[PDB]
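Q: Quick one: the structure is below, questions incoming.
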Amino acid sequence: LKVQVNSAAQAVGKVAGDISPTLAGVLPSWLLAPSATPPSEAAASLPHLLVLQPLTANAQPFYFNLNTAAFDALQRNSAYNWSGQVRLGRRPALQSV
Amino acid sequence: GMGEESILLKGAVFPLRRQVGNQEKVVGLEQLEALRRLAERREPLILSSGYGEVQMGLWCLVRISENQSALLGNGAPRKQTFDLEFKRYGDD
Amino acid sequence: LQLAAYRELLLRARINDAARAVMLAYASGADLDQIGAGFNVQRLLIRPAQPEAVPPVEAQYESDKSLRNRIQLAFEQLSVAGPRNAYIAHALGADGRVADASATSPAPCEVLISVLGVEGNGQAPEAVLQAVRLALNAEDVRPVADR
Amino acid sequence: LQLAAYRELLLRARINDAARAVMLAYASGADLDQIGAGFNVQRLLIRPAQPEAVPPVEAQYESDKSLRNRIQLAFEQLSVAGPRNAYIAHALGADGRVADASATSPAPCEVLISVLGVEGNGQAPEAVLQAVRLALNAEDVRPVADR
Amino acid sequence: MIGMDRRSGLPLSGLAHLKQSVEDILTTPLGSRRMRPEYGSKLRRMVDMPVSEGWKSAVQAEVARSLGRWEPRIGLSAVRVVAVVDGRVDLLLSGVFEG
Amino acid sequence: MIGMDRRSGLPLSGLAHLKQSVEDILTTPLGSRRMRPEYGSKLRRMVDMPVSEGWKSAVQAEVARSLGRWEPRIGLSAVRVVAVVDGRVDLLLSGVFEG
Amino acid sequence: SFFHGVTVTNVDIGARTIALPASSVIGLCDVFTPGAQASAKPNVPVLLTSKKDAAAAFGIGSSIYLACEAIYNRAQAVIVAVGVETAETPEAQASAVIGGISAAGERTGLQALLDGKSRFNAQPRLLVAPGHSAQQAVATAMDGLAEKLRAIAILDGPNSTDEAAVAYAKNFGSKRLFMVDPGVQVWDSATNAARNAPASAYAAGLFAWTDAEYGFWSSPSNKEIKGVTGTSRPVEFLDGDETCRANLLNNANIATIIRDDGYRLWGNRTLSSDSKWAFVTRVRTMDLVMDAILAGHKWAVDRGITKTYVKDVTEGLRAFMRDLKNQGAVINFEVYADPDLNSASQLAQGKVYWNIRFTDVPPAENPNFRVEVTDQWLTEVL
Amino acid sequence: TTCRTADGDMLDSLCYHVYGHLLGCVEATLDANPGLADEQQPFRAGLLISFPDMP
Amino acid sequence: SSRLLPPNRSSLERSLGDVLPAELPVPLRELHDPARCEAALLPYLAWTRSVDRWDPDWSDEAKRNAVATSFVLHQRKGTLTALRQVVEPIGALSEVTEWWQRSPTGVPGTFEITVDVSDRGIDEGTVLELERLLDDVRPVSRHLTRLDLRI
């Protein structure tokens with residue numbers, strides 16, 4: 001059946017060829033394209049308090065000011081990894097790990 | 001699953017306030033130890049309220065903790081602030 | 001496509017409904033009536049059809065689980081008194097009588113049935129001599145000399 | 001519409017393939033047991049799965065196209081007064097034979113049946129010949145006598 | 001579930017069996033059944049007690065226990081005194097249907 | 001995704017298919033489809049109910065459910081009453097496009 | 001002879017004639033057999049609350065109870081039920097239902113429903129004659145009795161085809177009539193077959209279920225009918241203004257049972273010639289606020305006209321109608337005393353006027369959905 | 001669990017109301033019902049379906 | 001169907017709802033009712049009912065009762081009461097012989113039967129079938145080939 005029907009489908013395609021695979025989903029070069037212009041937040045009359053901006057470098061950044069979020073507190077914890085190793089007769093040794 | 005459903009009953013027993021209508025009988029000191037005797041039966045309990053659903057499920061009693069203070073001479077309190085704590089016994 | 005897969009599933013089920021209706025181990029309702037009409041078996045009447053009161057008494061028929069008893073017992077059934085085990089079972093028209101056996105002294109013509117009935121001493125009365133012969137005229141082989 | 005023209009091409013083929021397996025004409029295996037139950041025909045065991053050794057299972061039933069003959073010979077086994085085929089259809093109970101033919105040249109109640117047998121070169125054994133009189137005791141007529 | 005009626009022996013199934021299932025709970029005292037001692041109601045103990053406002057809440061709390069044991073297909077809603085004649089109090093046993 | 005139009009049979013793909021995808025959600029009642037009972041909207045149940053300010057928020061909460069099931073490429077923004085004539089209320093179904 | 005144990009009682013005990021929801025009381029008139037099992041005189045009204053009241057006052061096989069069961073299967077309603085003796089001639093049977101003052105000082109037939117108040121505190125809001133409304137003489141009797149009663153009359157067309165009921169609706173247009181033509185059928189225990197009910201009493205039980213559970217301002221069309229099977233006519237229905245037998249009846253101001261053959265009523269417009277009074281909710285909220293205005297403000301017929309009296313009720317109504325506005329029964333209103341027609345020449349006569357202006361909630365019988373898509377402000381694709 | 005229809009009750013809706021799902025629930029209803037699929041799918045008002053257990 | 005569709009439907013869906021199911025008759029229960037079999041497949045059922053003798057000349061009323069009463073015939077072959085009904089299309093039930101009508105103790109041959117057949121529909125021929133149509137009802141050695149007839 002993979003021999004005879006394929007020989008029959010090749011015989012039909014020689015007599016009457018197939019229709020072309022017409023294209024209706026042809027888009028312009030916009031619907032996957034970011035608007036690289038800065039938003040109205042970046043042109044506002046307020047100095048920006050802090051700015052979030054990602055690694056893709058074309059995505060829209062977030063601007064902290066009185067129009068958007070405007071934090072008034074800033075905790076900044078910063079540990080430093082010093083590991084203690086207890087020695088028996090003395091003070092425990094500290095290593096920067 | 002369903003997880004633990006619990007009911008916790010606060011409150012206070014004042015065992016010198018006389019019973020309602022002055023029945024020549026006070027609220028007793030025995031009247032929280034009756035909650036203890038009913039809890040060492042190792043047995044679930046039906047809660048029966050009177051407002052919404054009346055047939056609450058099987059509820060085993062887990063914890064009794066009174067705080068009896070303002071004592072009399074023989075150790076008798078005149079306040080007993082308790083908090084009961086149930087968990088729903090999952091019957092079929 | 002949820003109609004062509006739903007209406008086809010109805011037509012696939014009608015074929016399964018019709019295939020059960022032509023099998024004895026699966027037919028029910030008025031479909032064992034068509035198996036019953038071919039084998040000359042009718043559905044019983046426990047209580048009769050017509051009521052005399054104002055609520056209509058339903059014509060009580062036996063269940064279809066008892067037709068499958070009766071369609072299947074339509075073969076092992078008293079049909080004709082061929083052998084010695086069938087002359088006696090076709091000789092159960094009378095009532096005051098205990099079991100019986102048959103013989104045949106010649107081969108080609110005559111068959112002998114010695115009826116004894118326990119009423120008094122065990123003799124056969126002449127009243128039940130004709131009561132046997134009323135049944136054996138059309139339930140035997142036709143040229144029997146049933147003495 | 002090209003799907004729908006393809007689906008009742010598969011439904012007209014389904015109604016035909018259902019109607020084949022209902023009639024005894026072109027009924028396949030594990031389905032004559034549903035038909036033979038309507039004709040008191042059950043397949044028997046030709047050395048079934050007895051595990052002499054447990055992994056070599058040797059299971060075997062009655063095959064088709066001879067079970068179908070026993071369904072075809074169903075109505076010829078109801079009449080116990082011995083028509084031309086009831087002497088045949090009761091003589092097919094044995095295994096080491098083949099089917100029978102009935103005739104009568106001499107005086108009446110003298111049956112000439114020809115017990116033929118397929119096992120090899122011609123002649124059937126006389127010990128196999130005695131099994132038909134054990135197979136025809138309560139199936140014949142009592143005055144009739146066969147050779 | 002299909003059961004039979006207490007009187008007249010007739011098999012009644014749907015909701016008349018539901019009502020006689022409740023009235024076998026309410027009118028049997030405890031321990032009256034054979035080999036089933038935790039069956040029935042304490043309502044016979046509530047017979048011929050004065051109708052106070054604590055008697056009402058003790059009947060609601062005891063019908064709910066006794067129907068909670070042997071009648072799971074009934075969710076009890078309320079029990080209300082609706083009339084009083086000499087001795088004869090009468091209670092509207094109202095409850096939703098489950099199961 | 002390329003589908004066909006409901007009327008006239010023409011295959012339309014981009015955004016006319018998007019609008020008829022929404023109007024197959026909103027106008028089918030629940031259970032009307034074959035072997036798909038959790039399809040459609042309860043908007044036919046909201047037909048011929050009085051237009052209160054709780055009827056509006058119950059239509060927003062039900063269009064958002066029914067489009068949230070079978071229309072993932074539409075983020076619903078708001079549903080607003082914009083006019084009232086006798087019986088005929090009309091709703092500006094506004095929503096951003098995703099996917 | 002008393003009893004001293006625990007007992008079951010299966011008979012009615014308490015009185016439920018205390019609540020009496022004034023918007024859902026129903027007038028009912030049909031035939032029955034006044035035997036010894038029916039403990040009610042024919043041409044007098046009797047108050048009904050449950051099916052036990054219909055069983056005690058009327059026969060079970062009588063078609064009063066068949067209409068009382070049709071209402072009590074759906075709603076906890078109140079029925080003022082008048083009976084008529086069954087006649088021989090059907091043109092004289094309609095003469096028994098219309099009644100009149102044919103007695104000495106007694107009202108008979110439908111006219112005894114005007115005596116609902118002063119007997120049982122029920123001024124009837126729903127008029128039904130189940131079966132006896134395909135005749136025009138009783139549908140005109142229920143017409144003219146409605147504006148005396150400030151009710152709406154739920155009549156029904158004949159059980160023939162659609163144009164037999166469309167042309168039957170063209171004899172009216174009188175603002176008080178709500179016609180449901182497919183006489184729906186119901187399953188029976190004794191017959192073990194499909195019945196034929198006139199389906200005018202089923203819309204009365206649906207209105208009593210609507211105004212007590214959803215409010216009288218809510219449109220009583222799209223709601224469930226209980227005690228029901230298929231209809232006497234398969235009435236098709238689609239979406240998109242087709243030649244359907246649903247859109248044909250609704251455009252002829254006729255309501256009809258539509259979906260799943262018995263599941264829901266469909267249609268809210270009344271037999272009215274005015275497009276202002278087209279909906280029943282325009283008509284129901286007209287009369288059920290202005291008799292709820294009166295209930296509570298029954299002191300406005302005494303406490304004679306002093307300086308504060310005109311001022312006492314002009315925010316007595318404003319404080320009551322804002323309670324109607326907050327529960328959704330109306331939308332924004334205004335209540336004010338009449339400046340020009342109030343004068344001292346007729347204030348001594350007793351007449352003093354107040355102007356009420358309210359608009360009510362419209363029922364959303366046709367919600368349109370203009371779907372539009374965007375990304376931020378416009379269609380980015382096209 | 002025998003149920004009686006109305007003149008518009010339908011099979012896949014009914015055994016969704018009874019069972020709660022439709023995976024393997026319609027043909028199990030059509031299996032233990034003689035002559036149900038032969039009747040037209042918009043049902044008449046008085047036909048009886050005995051819904052089996054474990055669809 | 002068009003009724004199984006939702007209320008929102010185009011005329012295209014309502015048309016394709018009336019075409020794409022494309023219902024068919026199921027003529028499967030009709031195969032075992034002889035009064036409802038088609039005439040082209042009736043002798044298939046006559047085979048499984050083991051109708052021993054068959055003629056392609058009878059009316060269908062004379063063909064279907066030979067299949068419907070094929071049970072009652074084959075249940076009682078040795079009897080006379082199905083020898084009466086095996087001659088159904090040849091309409092004939094007149095007379096039959098028995099032992100005591102002949103006084104000298106039966107014929108030599110112990111009473112082979114000489115039955116009476118009375119046909120009126122067909123006069124030409126109709127003799128050569130009845131000695132072999134009645135052969136299956138006749139036992140192999142209970143009767144002899146002696147026969148009597150009447151036209």
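Within each chain, counting starts at residue 1; across the structure tokens, chains are named A, B, ... in the order shown, with ligands numbered 1 upward in that order.
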Can you list every residue in chain F that DSSP puts in alpha helix (DSSP H), as a PyMOL selection string?
A: chain F and resi 16-27+53-70
Q: Convert the current residue selection to file output with N, CA, C and O atoms, as a compact mmCIF listing (two decimals), in the first residue's frame.
A:
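Everything below was put into selection.txt:
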```txt
# COMPACT_ATOMS: atom_id res chain seq x y z
N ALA F 16 -10.28 39.22 12.79
CA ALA F 16 -11.69 38.91 12.63
C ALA F 16 -12.02 37.56 13.24
O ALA F 16 -13.14 37.34 13.71
N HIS F 17 -11.06 36.63 13.23
CA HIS F 17 -11.22 35.38 13.95
C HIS F 17 -11.17 35.60 15.45
O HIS F 17 -11.78 34.85 16.21
N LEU F 18 -10.45 36.63 15.89
CA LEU F 18 -10.38 36.96 17.30
C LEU F 18 -11.72 37.45 17.83
O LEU F 18 -12.12 37.11 18.95
N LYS F 19 -12.44 38.23 17.03
CA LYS F 19 -13.72 38.77 17.47
C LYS F 19 -14.82 37.71 17.47
O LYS F 19 -15.67 37.70 18.36
N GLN F 20 -14.82 36.82 16.48
CA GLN F 20 -15.81 35.75 16.49
C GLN F 20 -15.46 34.65 17.48
O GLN F 20 -16.33 33.85 17.84
N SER F 21 -14.20 34.59 17.93
CA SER F 21 -13.86 33.69 19.02
C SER F 21 -14.47 34.17 20.33
O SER F 21 -14.87 33.34 21.16
N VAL F 22 -14.56 35.48 20.52
CA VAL F 22 -15.17 36.02 21.73
C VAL F 22 -16.68 35.85 21.68
O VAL F 22 -17.31 35.51 22.68
N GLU F 23 -17.28 36.05 20.51
CA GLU F 23 -18.73 36.00 20.44
C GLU F 23 -19.27 34.58 20.35
O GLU F 23 -20.49 34.40 20.39
N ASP F 24 -18.41 33.58 20.22
CA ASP F 24 -18.84 32.21 20.47
C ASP F 24 -18.81 31.90 21.96
O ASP F 24 -19.53 31.00 22.41
N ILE F 25 -18.00 32.62 22.73
CA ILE F 25 -18.00 32.46 24.18
C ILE F 25 -19.23 33.11 24.80
O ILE F 25 -19.91 32.52 25.64
N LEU F 26 -19.52 34.34 24.37
CA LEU F 26 -20.49 35.16 25.09
C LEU F 26 -21.92 34.73 24.83
O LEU F 26 -22.79 34.89 25.70
N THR F 27 -22.20 34.18 23.65
CA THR F 27 -23.58 33.89 23.29
C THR F 27 -23.96 32.42 23.42
O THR F 27 -25.15 32.11 23.40
N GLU F 53 -26.25 48.46 39.54
CA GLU F 53 -24.80 48.58 39.62
C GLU F 53 -24.14 47.31 40.13
O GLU F 53 -22.91 47.25 40.20
N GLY F 54 -24.92 46.30 40.50
CA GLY F 54 -24.39 45.00 40.82
C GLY F 54 -24.56 44.04 39.67
O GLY F 54 -23.89 43.01 39.60
N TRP F 55 -25.48 44.37 38.77
CA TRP F 55 -25.59 43.62 37.52
C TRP F 55 -24.38 43.89 36.63
O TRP F 55 -23.93 42.99 35.91
N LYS F 56 -23.86 45.12 36.66
CA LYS F 56 -22.69 45.47 35.87
C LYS F 56 -21.46 44.72 36.34
O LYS F 56 -20.69 44.20 35.53
N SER F 57 -21.25 44.67 37.66
CA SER F 57 -20.08 44.01 38.20
C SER F 57 -20.20 42.49 38.18
O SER F 57 -19.19 41.80 38.32
N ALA F 58 -21.41 41.96 38.01
CA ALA F 58 -21.59 40.53 37.81
C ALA F 58 -21.41 40.12 36.36
O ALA F 58 -21.15 38.94 36.10
N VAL F 59 -21.56 41.05 35.42
CA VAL F 59 -21.25 40.75 34.03
C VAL F 59 -19.74 40.84 33.78
O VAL F 59 -19.17 40.01 33.08
N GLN F 60 -19.07 41.83 34.40
CA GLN F 60 -17.61 41.92 34.32
C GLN F 60 -16.95 40.70 34.93
O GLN F 60 -15.93 40.22 34.43
N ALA F 61 -17.51 40.19 36.02
CA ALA F 61 -16.96 39.03 36.69
C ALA F 61 -17.29 37.72 36.00
O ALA F 61 -16.71 36.69 36.34
N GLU F 62 -18.22 37.73 35.05
CA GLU F 62 -18.59 36.51 34.35
C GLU F 62 -18.05 36.45 32.94
O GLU F 62 -17.75 35.36 32.44
N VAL F 63 -17.91 37.60 32.27
CA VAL F 63 -17.18 37.66 31.01
C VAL F 63 -15.71 37.32 31.25
O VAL F 63 -15.08 36.62 30.45
N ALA F 64 -15.16 37.77 32.38
CA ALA F 64 -13.76 37.48 32.70
C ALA F 64 -13.53 36.01 33.02
O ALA F 64 -12.44 35.48 32.76
N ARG F 65 -14.53 35.33 33.59
CA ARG F 65 -14.42 33.89 33.79
C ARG F 65 -14.48 33.16 32.46
O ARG F 65 -13.61 32.33 32.16
N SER F 66 -15.49 33.45 31.65
CA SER F 66 -15.74 32.68 30.44
C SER F 66 -14.70 32.96 29.37
O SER F 66 -14.38 32.06 28.58
N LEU F 67 -14.16 34.17 29.31
CA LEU F 67 -13.04 34.41 28.41
C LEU F 67 -11.73 33.91 29.00
O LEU F 67 -10.80 33.60 28.24
N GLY F 68 -11.63 33.80 30.32
CA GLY F 68 -10.45 33.23 30.93
C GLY F 68 -10.30 31.74 30.69
O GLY F 68 -9.18 31.22 30.77
N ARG F 69 -11.40 31.05 30.40
CA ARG F 69 -11.33 29.61 30.14
C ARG F 69 -10.85 29.34 28.72
O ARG F 69 -9.82 28.69 28.51
N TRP F 70 -11.59 29.84 27.73
CA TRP F 70 -11.41 29.43 26.34
C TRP F 70 -10.96 30.57 25.44
O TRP F 70 -11.20 30.52 24.23
```
Q: Do a neighbour search on stretch 277-289 of chain G at 8 Å with only C-alpha atoms, toss out local chain neighbours closer than 4 positions, and write the hits as an NGL selection string.
A: :G and (23 or 150-152 or 175-176 or 178 or 216-219 or 268-273 or 293 or 329 or 360 or 362-363)
Q: Go ahead and write the residues just picked, C-alpha atoms, as a PDB file, in the first residue's frame.
A:
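And here is the file that came out, again_36.pdb:
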```pdb
ATOM      1  CA  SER G  23     -46.768  42.245  46.159  1.00  0.00           C
ATOM      2  CA  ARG G 150     -53.984  47.837  40.362  1.00  0.00           C
ATOM      3  CA  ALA G 151     -52.705  44.407  39.356  1.00  0.00           C
ATOM      4  CA  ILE G 152     -51.669  42.649  36.162  1.00  0.00           C
ATOM      5  CA  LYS G 175     -51.128  47.728  29.711  1.00  0.00           C
ATOM      6  CA  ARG G 176     -52.312  45.182  32.312  1.00  0.00           C
ATOM      7  CA  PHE G 178     -49.319  39.331  30.341  1.00  0.00           C
ATOM      8  CA  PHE G 216     -40.539  43.195  42.385  1.00  0.00           C
ATOM      9  CA  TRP G 217     -38.291  45.536  40.396  1.00  0.00           C
ATOM     10  CA  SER G 218     -36.518  42.525  38.892  1.00  0.00           C
ATOM     11  CA  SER G 219     -37.801  41.219  35.576  1.00  0.00           C
ATOM     12  CA  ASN G 268     -41.306  40.537  29.650  1.00  0.00           C
ATOM     13  CA  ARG G 269     -43.341  42.951  27.530  1.00  0.00           C
ATOM     14  CA  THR G 270     -47.028  43.321  28.326  1.00  0.00           C
ATOM     15  CA  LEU G 271     -50.009  43.742  26.034  1.00  0.00           C
ATOM     16  CA  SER G 272     -49.739  47.530  25.844  1.00  0.00           C
ATOM     17  CA  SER G 273     -50.347  50.015  23.055  1.00  0.00           C
ATOM     18  CA  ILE G 293     -45.559  54.227  49.782  1.00  0.00           C
ATOM     19  CA  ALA G 329     -36.046  49.261  43.283  1.00  0.00           C
ATOM     20  CA  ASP G 360     -37.022  52.884  37.427  1.00  0.00           C
ATOM     21  CA  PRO G 362     -34.600  48.988  32.897  1.00  0.00           C
ATOM     22  CA  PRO G 363     -34.471  45.218  32.358  1.00  0.00           C
TER      23      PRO G 363
END
```
Q: Give me the residues near residue H:3 as a PyMOL selection string, where near means some atom within 7 Å (using only C-alpha atoms) and where sequence neighbours in that chain fewer than 3 positions away do not count.
A: chain H and resi 48-50
Q: Those selected residues, please, written with N, CA, C and O atoms and delivered as a CSV table (one decimal), in the first residue's frame.
A:
```
chain,number,residue,atom,x,y,z
H,48,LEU,N,-37.1,6.7,29.9
H,48,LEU,CA,-36.4,6.5,31.2
H,48,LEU,C,-35.0,6.0,30.9
H,48,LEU,O,-34.8,5.1,30.2
H,49,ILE,N,-34.0,6.6,31.6
H,49,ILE,CA,-32.6,6.2,31.5
H,49,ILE,C,-32.3,5.7,32.9
H,49,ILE,O,-32.4,6.4,33.9
H,50,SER,N,-31.8,4.5,33.0
H,50,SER,CA,-31.2,3.9,34.2
H,50,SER,C,-29.7,4.1,34.1
H,50,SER,O,-29.0,3.4,33.4
```
Q: Could you tell me how far atom CA of residue B:25 lies from atom CA of residue B:73, in Å and to one decimal?
A: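 Atom CA of residue B:25 sits 20.4 Å away from atom CA of residue B:73.
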Q: Compile the contact shell of residue A:94 as a list in words: residues with an atom at most 8 Å away, counting only C-alpha atoms, same-chain residues fewer than 4 positions apart removed.
A: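 Listing them by chain and then by number gives residues 82, 83, 84 and 85 of chain A.
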Q: List as number ranges by chain the protein and nucleic acid residues near residue D:74, meaning an atom at most 8 Å away when only C-alpha atoms are counted, but skip any in the same chain fewer than 5 places from it.
A: D: 39-41
Q: Could the residues in this selection be written to a file with N, CA and C atoms, as an mmCIF file, in the first residue's frame?
A:
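File produced: part-v3.cif:
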```
data_model
loop_
_atom_site.group_PDB
_atom_site.id
_atom_site.type_symbol
_atom_site.label_atom_id
_atom_site.label_comp_id
_atom_site.auth_asym_id
_atom_site.auth_seq_id
_atom_site.Cartn_x
_atom_site.Cartn_y
_atom_site.Cartn_z
ATOM 1 N N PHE D 39 -29.076 -21.843 19.890
ATOM 2 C CA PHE D 39 -29.396 -23.105 19.237
ATOM 3 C C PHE D 39 -28.853 -24.300 20.016
ATOM 4 N N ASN D 40 -28.538 -24.097 21.306
ATOM 5 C CA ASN D 40 -28.041 -25.127 22.232
ATOM 6 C C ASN D 40 -26.769 -25.790 21.699
ATOM 7 N N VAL D 41 -25.875 -24.983 21.145
ATOM 8 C CA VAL D 41 -24.617 -25.465 20.593
ATOM 9 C C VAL D 41 -23.491 -24.825 21.389
#
```
Q: In Å, rounded to a single decimal, give me how far atom CA of residue G:58 is from atom CA of residue G:29.
A: 12.1 Å
Q: Restricting the calculation to only C-alpha atoms, which member of I:88, I:124, I:112, I:33 is positioned closest to residue C:141?
A: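 Closest to residue C:141, using only C-alpha atoms: I:112.
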Q: My list of candidates is D:58, D:95, D:31, D:139. Which is closest to chain C when distances are computed with only C-alpha atoms?
A: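 When distances to chain C are compared using only C-alpha atoms, the smallest one comes from D:139.
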Q: Please identify every residue of chain B that has at least one atom no farther than 12 Å from an atom of chain E, counting only C-alpha atoms, and for each give the shortest atom pair and the distance in Å to one decimal, arranged by chain then increasing number, as CSV.
A:
```
residue,atom,partner,partner_atom,distance
B:45,CA,E:65,CA,9.9
B:46,CA,E:65,CA,6.9
B:47,CA,E:61,CA,8.4
B:48,CA,E:61,CA,5.1
B:49,CA,E:61,CA,7.0
B:50,CA,E:57,CA,7.0
B:51,CA,E:78,CA,8.3
B:52,CA,E:77,CA,7.4
B:53,CA,E:77,CA,6.2
B:54,CA,E:76,CA,6.3
B:55,CA,E:64,CA,5.3
B:56,CA,E:64,CA,8.5
B:57,CA,E:68,CA,8.3
B:58,CA,E:68,CA,9.7
B:91,CA,E:69,CA,11.2
B:92,CA,E:72,CA,10.5
```
Q: What does the file look like for those residues with C-alpha atoms, as a PDB file, in the first residue's frame?
A:
```pdb
ATOM      1  CA  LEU B  45     -17.565  15.180  71.125  1.00  0.00           C
ATOM      2  CA  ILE B  46     -20.509  16.557  69.163  1.00  0.00           C
ATOM      3  CA  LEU B  47     -20.723  20.335  69.205  1.00  0.00           C
ATOM      4  CA  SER B  48     -24.334  21.549  69.237  1.00  0.00           C
ATOM      5  CA  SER B  49     -24.751  25.292  68.754  1.00  0.00           C
ATOM      6  CA  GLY B  50     -28.080  26.949  68.055  1.00  0.00           C
ATOM      7  CA  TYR B  51     -27.606  29.604  65.386  1.00  0.00           C
ATOM      8  CA  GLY B  52     -26.476  28.387  61.953  1.00  0.00           C
ATOM      9  CA  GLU B  53     -25.858  24.740  61.352  1.00  0.00           C
ATOM     10  CA  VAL B  54     -26.745  22.907  64.536  1.00  0.00           C
ATOM     11  CA  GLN B  55     -25.185  19.531  63.657  1.00  0.00           C
ATOM     12  CA  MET B  56     -21.516  20.289  63.964  1.00  0.00           C
ATOM     13  CA  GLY B  57     -19.246  17.298  63.512  1.00  0.00           C
ATOM     14  CA  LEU B  58     -17.202  15.185  65.882  1.00  0.00           C
ATOM     15  CA  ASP B  91     -15.337  10.450  60.869  1.00  0.00           C
ATOM     16  CA  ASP B  92     -16.712   8.726  57.768  1.00  0.00           C
TER      17      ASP B  92
END
```
Q: Give me, as a list in words, the contact residues of chain F against chain I at a cut-off of 8 Å, counting only C-alpha atoms.
A: residues 6, 7, 8, 9, 24, 27, 28, 29, 32, 33 and 34 of chain F
Q: Would you list which chain G residues are within 7 Å of chain I using only C-alpha atoms, as a ChimeraX atom specification?
A: /G:237-239
Q: Mind dumping the selected residues with N, CA, C and O atoms as a short mmCIF file (atom, residue, chain, number, x, y, z; two decimals), in the first residue's frame?
A:
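part_8.cif was written with the following content:
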```
data_model
loop_
_atom_site.label_atom_id
_atom_site.label_comp_id
_atom_site.auth_asym_id
_atom_site.auth_seq_id
_atom_site.Cartn_x
_atom_site.Cartn_y
_atom_site.Cartn_z
N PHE G 237 -35.83 28.63 18.93
CA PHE G 237 -35.22 29.87 19.37
C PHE G 237 -33.76 29.88 18.96
O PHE G 237 -33.07 28.86 19.06
N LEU G 238 -33.30 31.03 18.46
CA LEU G 238 -31.92 31.21 18.04
C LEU G 238 -31.45 32.59 18.50
O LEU G 238 -32.11 33.25 19.31
N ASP G 239 -30.31 33.02 17.97
CA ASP G 239 -29.74 34.34 18.25
C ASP G 239 -29.37 35.00 16.93
O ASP G 239 -28.57 34.44 16.16
#
```
Q: What does the structure give for the distance between atom CA of residue D:12 and atom CA of residue C:23, in Å to one decimal?
A: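 Taking atom CA of residue D:12 and atom CA of residue C:23, their separation equals 21.2 Å.
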Q: Extract, using only C-alpha atoms, all DNA, RNA and protein residues at most 7 Å from residue E:92, discarding same-chain residues fewer than 2 positions from it, and format them as JSON, numbers by chain.
A: {"E": [79, 80, 81, 82, 90, 94]}
Q: Those same residues, written as a short mmCIF file (atom, residue, chain, number, x, y, z; two decimals), in the first residue's frame with N, CA, C and O atoms?
A:
```
data_model
loop_
_atom_site.label_atom_id
_atom_site.label_comp_id
_atom_site.auth_asym_id
_atom_site.auth_seq_id
_atom_site.Cartn_x
_atom_site.Cartn_y
_atom_site.Cartn_z
N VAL E 79 -35.35 23.86 65.72
CA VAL E 79 -36.50 23.31 66.42
C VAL E 79 -37.15 24.46 67.17
O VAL E 79 -36.50 25.11 67.99
N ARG E 80 -38.44 24.70 66.90
CA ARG E 80 -39.12 25.87 67.43
C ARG E 80 -40.43 25.49 68.10
O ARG E 80 -41.22 24.71 67.55
N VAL E 81 -40.67 26.05 69.29
CA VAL E 81 -41.99 25.98 69.91
C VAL E 81 -42.93 26.89 69.13
O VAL E 81 -42.67 28.08 68.98
N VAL E 82 -44.03 26.32 68.65
CA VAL E 82 -45.00 27.10 67.88
C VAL E 82 -46.34 27.26 68.58
O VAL E 82 -47.07 28.21 68.26
N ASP E 90 -45.66 21.77 70.97
CA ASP E 90 -45.49 21.20 69.64
C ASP E 90 -44.39 21.91 68.89
O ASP E 90 -44.30 23.14 68.90
N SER E 94 -37.69 21.48 61.59
CA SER E 94 -37.33 21.93 60.26
C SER E 94 -35.88 21.59 59.98
O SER E 94 -35.01 21.80 60.84
#
```
